[PDB]
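Visitor: pasting an experimental structure, sequence included:
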Amino acid sequence: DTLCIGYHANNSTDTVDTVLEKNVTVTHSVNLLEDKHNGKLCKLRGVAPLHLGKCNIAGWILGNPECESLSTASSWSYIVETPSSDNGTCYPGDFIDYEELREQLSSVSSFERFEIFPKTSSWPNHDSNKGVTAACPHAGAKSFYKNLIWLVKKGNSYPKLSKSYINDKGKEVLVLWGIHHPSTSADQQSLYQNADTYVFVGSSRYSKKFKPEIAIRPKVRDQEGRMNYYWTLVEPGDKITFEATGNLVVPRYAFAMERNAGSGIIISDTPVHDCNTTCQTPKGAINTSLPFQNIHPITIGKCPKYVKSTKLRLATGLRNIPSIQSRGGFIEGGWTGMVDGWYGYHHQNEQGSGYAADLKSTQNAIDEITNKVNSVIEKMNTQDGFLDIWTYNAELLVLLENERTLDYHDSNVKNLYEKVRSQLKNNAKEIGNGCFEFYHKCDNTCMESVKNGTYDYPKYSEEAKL
Amino acid sequence: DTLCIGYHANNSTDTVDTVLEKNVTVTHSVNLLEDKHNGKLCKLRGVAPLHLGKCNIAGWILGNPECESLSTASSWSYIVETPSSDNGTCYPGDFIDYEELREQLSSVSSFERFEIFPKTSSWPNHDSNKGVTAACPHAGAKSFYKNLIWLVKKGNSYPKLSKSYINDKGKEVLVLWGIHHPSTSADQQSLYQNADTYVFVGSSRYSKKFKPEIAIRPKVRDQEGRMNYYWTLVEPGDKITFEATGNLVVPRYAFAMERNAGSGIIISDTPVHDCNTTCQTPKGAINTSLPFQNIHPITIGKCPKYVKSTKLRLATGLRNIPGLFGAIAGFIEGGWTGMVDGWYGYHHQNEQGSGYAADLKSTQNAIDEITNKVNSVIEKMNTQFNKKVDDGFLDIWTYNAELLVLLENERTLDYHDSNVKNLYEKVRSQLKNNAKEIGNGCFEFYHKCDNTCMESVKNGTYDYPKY
Amino acid sequence: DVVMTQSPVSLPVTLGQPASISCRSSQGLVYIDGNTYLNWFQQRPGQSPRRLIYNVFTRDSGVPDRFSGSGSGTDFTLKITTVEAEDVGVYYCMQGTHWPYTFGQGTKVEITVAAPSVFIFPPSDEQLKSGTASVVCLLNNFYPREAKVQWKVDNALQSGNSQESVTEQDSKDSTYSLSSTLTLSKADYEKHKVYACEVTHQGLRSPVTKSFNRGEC
Amino acid sequence: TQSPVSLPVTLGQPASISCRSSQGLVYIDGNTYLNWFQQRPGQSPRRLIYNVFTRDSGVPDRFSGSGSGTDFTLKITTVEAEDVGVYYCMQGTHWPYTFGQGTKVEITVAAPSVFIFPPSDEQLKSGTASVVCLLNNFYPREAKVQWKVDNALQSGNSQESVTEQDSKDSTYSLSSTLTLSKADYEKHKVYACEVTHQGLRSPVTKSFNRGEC
Amino acid sequence: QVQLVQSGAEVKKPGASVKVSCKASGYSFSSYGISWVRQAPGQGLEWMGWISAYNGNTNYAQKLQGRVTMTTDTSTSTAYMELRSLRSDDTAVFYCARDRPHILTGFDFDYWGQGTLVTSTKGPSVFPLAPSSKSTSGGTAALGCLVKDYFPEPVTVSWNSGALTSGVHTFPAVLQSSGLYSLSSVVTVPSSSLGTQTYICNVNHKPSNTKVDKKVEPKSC
Amino acid sequence: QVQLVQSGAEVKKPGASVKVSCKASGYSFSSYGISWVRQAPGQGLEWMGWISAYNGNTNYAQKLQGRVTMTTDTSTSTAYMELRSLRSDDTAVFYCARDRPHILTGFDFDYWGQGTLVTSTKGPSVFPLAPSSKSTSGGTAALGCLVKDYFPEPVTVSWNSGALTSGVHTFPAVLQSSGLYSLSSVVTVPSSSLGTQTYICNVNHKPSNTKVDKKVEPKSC
Ligand SMILES: *[C@@H]1O[C@H](CO)[C@@H](O[C@@H]2O[C@H](CO)[C@@H](O[C@@H]3O[C@H](CO)[C@@H](O)[C@H](O)[C@@H]3O)[C@H](O)[C@H]2NC(C)=O)[C@H](O)[C@H]1NC(C)=O
């Protein structure tokens, strides 16, 4: 008769990193990093995103002739841009408060474009048809932004402008206009007659006076003068007012909208799909089951915290050593046949042979391991400098806790062997391979007495030999 | 004849913490956290300034009657305050730009108080003697700040004031003044006659117009009206100007000074000595090889970086006993006190004699790798290091450093455990059948092996001539 | 033990629009490699509960795609797009890894106006031959559940001698059905002629009365 | 790496030297940097501040070595005249010990007292004549010595030699030696050395006539 | 096909013990874990115990740990459960379902039981609820059975032996002052089919092993 | 009184080897721990080797590893040094000092050596530099010795056998076109004591084992 002790073995190929060793295979482990992918840009919530192709946000909201006219979905949860989408503001200049505007238009519930100032009626004392340029071509001819009108002098005079609109739509209206900055004084006179001009856009929420600068720029996009683009939000009831004596690109179409909170912009070449998935990334989506992810710093929605790590996997079980292939510390090889628990015995007598796990040591380990794994997930709840240091702090903690895990198993096995060794001092000798050579024959019910933890030896060892 | 292998042992009581175990005793280790205590401080000789004692900075610079008048040392790099500093602004109010002023006066190379506006001459059209109050008592009577003058109306009139000073001292001058905010309109009239008054203090580096507010504040220090205290620095050549029609506490004594960079304030009850020691804790050694201390979150001068840890000690040697691979705490269950030459060594036993000897090839390679790894840690510390970033990084860096010391200590002891297992395998692979394994890290030499034969095993060149 | 806290205990909803329930625990669940929670259960009235979304997100075999359980760590929900009429019953939270399962309070799901059709049934002759008379009033397939049934014996209001019983909301047509039973002795039943139940309900322009005369079909 | 290689200083005021290394050496239990020694001209160096800060036995408290991590310094409050010589940094941890270039330390105006010594009769009885000029205890070191034989300037036939700065009085001493054959020495009468130095209102000449004490 | 079956409803007084069985049919019996759960009306659910055919070791609920006991048989493929003392608030409907093979693996309740309702005995008197009126209504007739004065629950009632299910409403049982339960079951039918369509209600009260099939015919006056 | 002693200055041509000893003498001698360092004029210092009689295995400088060799004796308490090939850039003063016997415990040069200066010989002719003109100076007289045409250096010169040290200046040796070295040594004295105070200079050129004591007397004309 012979009784031996051993650990669990499995066909798992999960590898974890410890303090001393790395790429260590274990029987059971939990990952702390989900970057699993091949997901395709989908749609957060039922609401699909607005896809910008051949244009950016500036060209879309201003209405560059090269962009696709409405169209335009009524509602969108986010906006997707292309890196090769660089034709936006056709006329040179810069968009004032562009980052702010990008975040406003990110998420919207209702969106409607309307003709705030009709070209035919609103401007009787100024020429609106001449407002075209070579910088904004449509069909091999001079054109301009669909949403704006470039007012030019009507003959030999540019009368003082004063137009206003009252927001009766019942929801905040986005108004956009432009201020022209000519190249030379000759062009300034040829466009608005007057020399010392000014522009003023007043409202309850916004007020600013623009004095246009007449100067020769480097001349890019075939235009020597520049044009700055401004915008504001008119609350329902507030009245926008446009007082100006020249150099003003009045608006034609405003946007009545009801914005939504949060969200952002994605700049990627990935296409759109209809799988209705709820987090999103710059390139695809994820299942967000894990509290960490490593795809891109930019994330939309309730996604895991981004962490730039090669791999994070916390170990739960013990080292997997099956050692049985091809032809065939103190103990070598694992118990593939035993699946009852992590630690167990193996009896051998005339009645039969079989494996059995010690549930007192196994259940106490599962309770402590599960408790320790949850204690680590409770630590991640700590919500560029912090990112790199927290990543290293998390890496160090996973490596540290992996060594404490495998040593806790190594100790639990040594305690199980000492439990058997202390019961039968002389009735059985130590083989040295984690087994015990029973001198006296011990039946199945006698083997259970060792498992129960109640063994006596009133019988002689029989070890007389020799 | 027998040959044995073992570790180094010594009388050291240094304990280090590892990943698996804690409070582990080791043979050699370097500390990473220093706590000596202030003798007194006592730093850079004289250098503590005019020990403030019962007053604070505001009362000292303004000249509260309870504070000791100059006196006052000519130079000081830092200032010491007491928590029991009851005497500051005797007349109620608040000191404007107090934190700024504290950092300016921290370190100074030259400091001289001079009478910018003499009481007797500078104010002929205003009464300067009446400027006293019960809030600032000296000897059981109404007094006032020694460095300021509280101008009152001269009879039935308060004429427009216009006084100026040109800084001819050749160094920036610190000027201080006050603006009174009375309780009622009756007190305003009784002090400066006019009702709608104003004050203006102009200069090249500073300009502001004060309109005093007349309101009943809750009573403090037996005064219903309060008084705000202002100050500025006049560069050499710049002209300060005081235009006012009432409610102005003109200066009497300004301070010509030459500031120094950095420094701060110390608020403690410890007394003073003279011992010429820099910022690092007594006895000015300082002389702190470690870059860490656990005394105060902020310390003054060129000091090491603060970390609130119970103990940080990086391990260099092995476990001191006068494992994973199986060596330390395994087959060899004890260390050698007699062997002192090296971490790892042999022990021969033959008719000629017996003695210990260390293997310098394994020992020197370990010292070079350990020293290199210890220097790599001190490098990673110093090379890479408002309340969520100043105090937030501290708690996380402390935990990051604790984790790293714990981690590096386990890698150290396993590196020793492996080096010894490699030394035993080196001997075992040489004598396969010439000597058996005892199991206690020793070998039973069957054939005779003298001192010259034992050296051949140390050299690494063993022959197989006999049974 | 894990504290499985449900909310809300009573969940009123309607057809077409979706719904959501919330469960939170004292300790986080992981149990080695993401074994996690067990799921959520739908228990219909007088029936055993069936599996739905095991392992938090993995759906059960033989269950429509309308259901969808999502969550990470402690909390939060199980969403169901478009509620059908059969989606009614009690729901409960999953076990907390550790053997103390500790289930929820199992919150109760409940779902156009429909007027009841009213029927009254006189005592069967078989029964009257044993000394007891049971008159029954049936209000079939109405909505909402709020309904009022009064008994009148010879035009006098009754009190105490009537019991009511209602079915759960129908799994197909979303209607409630109700029964009222007037239990009288054979003695009292022989003294009075006119038996009637008066019904009021939002879908009724006027209160409805179904009546009959004793021994007179 | 040492810096500077040449360190000029004066009495009363302190001084400081700088040494930096490739690695932040420590060793086990903070041996760190080896201490620094002062090597006087024609003498062995003596210990000063071992273990970076611990001072040596038998050394004044004026010296004070301080430092942490791979740069270091050594301050000396008030420089005396004896604090002169070459200083070096001490290799640590490594056996490839590697020392510094070291810094040569050198220290009121003092005019030289000038003395000239004619050839001793003993020497002239062997065919060579050596005239010696002595400039004793002067400062600063800058000094000029010209030889004149019968009032004619000499060139090449003179060698000079200077002591290091005195360990007590902070002065330099200098010797100039005119080596001539006995032939040339008999041809000319007047031998003289002309000395110029900042402390001299005028150039000084010490001279003598041959065979005429 | 792998549906499991268990014992029917029972009734025991406070003090006497009770035993319930749960057979595994249709298996696919790889010997994996079985569990037991209770559910009292008005409360919720709480775990009772667990047992495995792979592992002899079992797990019980600390609160009821002393009284409960678990046993099983591999040959017959059946699990048993027993309780010691009884009381009013300990009475509940007991269910049984599969759980897991090993302790280390995950848990799942793929298949569930029927529900042994354990809680003093009678058979019901079944009285016809007949529809005449003016034929109930022109387009729809109502009829049913009055299942009265039975004890204890629970009672079954189908129509024409399962053939008729559409339009059937079986109401919750109600307790009476007598201590006996009462129940009604109705169905709507085409008023034109009354003269040609036989309607039977099938009442099964298993506690008294009673079968009553009552024909509900109209009022041909 | 604790100090070590070593061999005197030597001289060898390029090709021949050289040996130097370093005795321990009084008093507090660690049984073990000795190091060697060189210093050439115009360069700095560089480690040569180390040795212990414990005996910890010795250590040499990789650059000079081929040639250098270390040996020691416990009885005589003396350490020896040896070099193979010599060259023009190999000339330097070799020093010897004690080290930690353990070597791993620490490092310290508590006591240093004298300095064996290693590079035909020839003794110097010592000529008196006698006080000249009138009272040299009224308050101060100057005198010295001209130590000429010796080889190889170095040479010793004290005054009245150590009695006279205050005021003594011994100048650096200087090389001459002849290939021989020259040196001067002067001292200032009270001009009044010339007639009553004997002044002797003591010149020792150990390479030729030569002792010359020259009395420098004035010019009583
Ligand atoms: C973690 O698991 C093992 C750890 O060793 C890695 O797989 C092994 O990688 C080595 C190369 O690093 C392979 O060795 C090669 O073997 C061939 C003969 O099979 C030999 O000709 C080559 O010269 C080389 O030595 C080895 O085959 C490979 N597999 C095994 C079973 O050892 C694995 O890549 C590691 N993964 C990560 C993510 O770290």
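Guide: Happy to help now that I have it. Residues are numbered from 1 along each chain as shown, chains lettered A, B, ... in the order given.

Visitor: contacts only, for residue 2.
Guide: Went with chain A since none was named. Counting by CB atoms under 8 Å, 6 or more residues apart in numbering or on different chains, residue A:2 makes contact with A:348, A:431, A:435, A:436, A:437, A:438. Placement of C-beta: from N, CA and C, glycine included.

Visitor: try again with chain E
Guide: Contacts for residue E:2 (CB under 8 Å, 6+ apart) come out as E:25, E:26, E:27, E:28, E:111.

Visitor: secondary structure for those residues - can I get that in TSV?
Guide: As requested, those are arranged in TSV below (DSSP: H, G, I helix; E, B strand; the rest coil):
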residue	secondary structure
E:25	coil
E:26	coil
E:27	coil
E:28	coil
E:111	coil
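
Visitor: please check these and keep the buried ones.
Guide: Neighbour counting by 16 or more other CB atoms under 10 Å in any protein chain shown classes E:27, E:111 among the contacts of residue E:2 as buried.

Visitor: ok, of the contacts of residue E:2, which one's closest to chain F?
Guide: Using CB to the nearest CB, residue E:28 comes nearest to chain F of those, at 70.9 Å.

Visitor: find the residue closest to the closest one in space, skipping its chain neighbours.
Guide: residue E:2 (5.2 Å; CB to CB, 6 or more residues apart in numbering or on different chains).

Visitor: how about the helices in the chain?
Guide: I went with chain A, as the question did not name one. A:57-62, A:98-105, A:185-192, A:359-380, A:385-423, A:444-452 (DSSP state H).

Visitor: oops, chain C please
Guide: Under DSSP H, chain C gives helices at C:125-128, C:186-191.

Visitor: point out the most buried one among those.
Guide: Of these, the one with the most neighbours on average (mean count of other CB atoms under 10 Å in any protein chain shown) is helix C:125-128, at a mean of 15.

Visitor: CA atoms of it as CSV?
Guide: This file holds the C-alpha atoms of helix C:125-128, laid out as CSV (Å, rounded to 0.1, in the frame of the first residue of the first chain):
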residue,chain,number,x,y,z
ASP,C,125,-78.7,23.2,-8.4
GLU,C,126,-76.1,20.5,-7.4
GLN,C,127,-74.7,22.9,-4.7
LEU,C,128,-78.1,24.2,-3.3
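
Visitor: contact partners for residue A:305?
Guide: A:291, A:292, A:293, A:380, A:383.

Visitor: from residue B:20, how far off is the fourth one?
Guide: To residue B:20, residue A:380 is 24 Å away according to CB to CB, to the nearest Å.

Visitor: likewise for the last one?
Guide: In this view, residue A:383 and residue B:20 are 31 Å apart by CB to CB.

Visitor: swap in the first one?
Guide: As defined by CB to CB, residue A:291 lies at a distance of 26 Å from residue B:20.

Visitor: same deal with residue A:298?
Guide: From residue A:298 to residue B:20 the distance is 40 Å (CB to CB).

Visitor: how many residues are close by the closest residue to chain B within chain C?
Guide: Closest to chain B within chain C is residue C:28: 21.3 Å, counting by CB to the nearest CB. Neighbour count for residue C:28, taken as other CB atoms under 10 Å in any protein chain shown: 21.

Visitor: what of residue E:210?
Guide: Neighbours of residue E:210 using other CB under 10 Å come to 16.

Visitor: could you pull up the residues touching the residue positioned nearest the centre of chain C?
Guide: Note on chain C: the residue nearest the mean C-alpha position is residue C:168, at 2.8 Å, using CA atoms, centre = their mean. Neighbour list for residue C:168: C:44, C:45, C:88, C:89, C:176 [criterion: CB under 8 Å, 6+ apart].

Visitor: ok, 7 Å please
Guide: Residues in contact with residue C:168 (CB atoms under 7 Å, 6 or more residues apart in numbering or on different chains) are C:45, C:88.

Visitor: next one: phi and psi at it?
Guide: Main-chain torsions, residue C:168, degrees, to the nearest 10: phi -70, psi 170.

Visitor: do you know how far it is from residue C:175?
Guide: Counting by CB to CB, the gap from residue C:168 to residue C:175 is 11 Å.

Visitor: can I assume residue E:93 is in contact with residue E:113?
Guide: No: here residue E:93 does not reach residue E:113: they are 10.2 Å apart, not a contact under CB atoms under 7 Å.

Visitor: ok, now which ones touch the residue of chain C found nearest chain F?
Guide: Per CB to the nearest CB, residue C:32 is where chain C lies closest to chain F, at 48.1 Å. Counting by CB under 7 Å, 6+ apart, residue C:32 makes contact with A:28, A:30, A:316.

Visitor: number of nearby residues for residue A:343?
Guide: Around residue A:343 there are 24 residues (other CB under 10 Å).

Visitor: next: residue A:34.
Guide: By other CB under 10 Å, the residues close to residue A:34 number 19.

Visitor: could you grab the helix/strand/coil label for the residue in chain E positioned nearest to chain F?
Guide: As assessed by CB to the nearest CB, chain F sits closest to residue E:104 within chain E, at 50.6 Å. Under three-state DSSP, residue E:104 falls in the coil class.
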